[PDB]
Structures are given as structure tokens and as C-alpha cells.
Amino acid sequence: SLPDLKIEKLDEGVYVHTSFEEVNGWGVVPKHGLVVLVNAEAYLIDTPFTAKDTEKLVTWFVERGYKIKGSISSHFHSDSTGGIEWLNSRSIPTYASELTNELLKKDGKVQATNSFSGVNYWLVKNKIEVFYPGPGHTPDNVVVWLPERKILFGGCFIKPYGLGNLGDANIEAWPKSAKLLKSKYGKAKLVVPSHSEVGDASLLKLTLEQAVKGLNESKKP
């Protein structure tokens, strides 16, 4: 009564996990995150929505011989953070920016056990980089960059065709943030949005255009 968790190889050492929720007005919405393999260590880039799918995901990798070293959540909404509590319960390190952890707390959610400040953060040196482009979809949204394969996980900041719900957005800042992100990751081979298909670096430009339009629409009565 709700489509099963998918796990699909995207590139060498990189898998996309897709979990599903019904969202009022939007239908059955896929949520994409990654699993990144560094030698025999696995890192979750976003959790699924639920504890149950987070556990399915972890078990798939552990069964195949990988050690779950950590998760990083790209923003505070539950499509990035739903599994943090379960991971914490299993003593799997969970990561989020300081600002994401603040907004988890404000939202009455379980926090990541580890936090980081600043604009650039290496989760794994030379392998998994976290970048804060500025506010957009949410105040805290970050992207995750995999330098070896030139893969950008955009999370819910990358919105090539429409912005989604602006309830927690900073629409005034989003164009400036999008310009920064576009300027920094023109090199991306694959850009992975949360809620639409994988594309290339062109999704950075499309997101900027959407942000610009959305800011314009915000200024109409």
C-alpha cells in the first residue's frame, strides 16, 4: 500500500536509495538519497522517510559486507532526517550542520549526534564534502559533493521545474544561493535532486531560474 524502497547503483561506489511518501496535493513523491562506499565503509546521504526503510537500507549494505560509518542529513525536513532516531539507537554516527540540528530541535525532532559549523565540511576527506550554498528550500539546506565521481547530491535545494512548498523557504535568498551553487559546481557530471530524476550540471541553471521566478511570484498580492 506504498511503493517499496529502491536501491540502484548510480556509479562506482555510489547508490541511489528511493523511498516514497504520499504528499497531499503532490501524489506519491519519490525521495532520493545516496549511499556512498569508501573502501568497505558506507555513508548514508540522507535517510529515508521512515525508521523501517532506514533499517532496510542499512541491512542491504551490511548483508553485503559494508560497515555503516555514518549518515549526513541535507536539511531538517523528515525526507532527509526520518531515520536519525533509529540510526542513533544502533550507535551509527549521525551528522547534520549546527543549523540543521537547531531546526530539528525547533521542530520537536531527534537531533544528529554530530554537528559541524561553517560553509565547507569534509565528512570524509577527499571523498564526501558538504557545502552550504545559503538559504533556499530551507534556511539550513546543504549539498553533498563527491569529488572522485563529480556527483552532486542537491537534496531539496535543487528544484529544476518548480520549487515545492515555500513554507520553510527563504525565497528572498534562494536566487543568490543558487547563483553561488551554480558558480561552484559547473563541473558536476551528475546532479541528484531529492524529488526528480538525475540530471547534469544544467539542473543548477534551471534551479536558479526557478528561484528567480519564485521570488517574483512572492511579490504579487
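C-alpha atoms forming the largest set that superposes within 1.5 Å between two forms make up the rigid core. One rule holds for the numbers: they count along the sequence shown, beginning at 1.
Relative to the shown model and aligned on the rigid core, the C-alphas in 7 other deposited structures of this protein deviate most, among 26-34 and 181-189, for 26-34. Looking at 70-78 and 102-110, the one farther from the shown form in 7 other deposited structures of this protein by average CA distance, after a rigid core fit, turns out to be 102-110. Across the two stretches, 133-141 and 105-113, the PDB entry reports the greater mean Cα temperature factor for 105-113. For the pair 151-159 and 27-35, the record assigns the higher mean C-alpha temperature factor to 27-35. By the numbers in the PDB entry, the CA B factor is greatest at 165 among 194, 47, 170, 165. When the C-alpha B-factors of 89, 126, 80, 97 are read from the PDB record, the largest value belongs to 89. Sort the chain's modelled residues by C-alpha temperature factor and residue 19 lands in the middle third, per the entry. The PDB entry assigns residue 174 a C-alpha temperature factor belonging to the lowest third of its chain's modelled residues. For residue 61, the recorded CA B-factor ranks within the middle third of the chain. Only modelled residues enter the ranking. Sort the modelled residues of the chain by CA B factor and residue 10 lands in the highest third.
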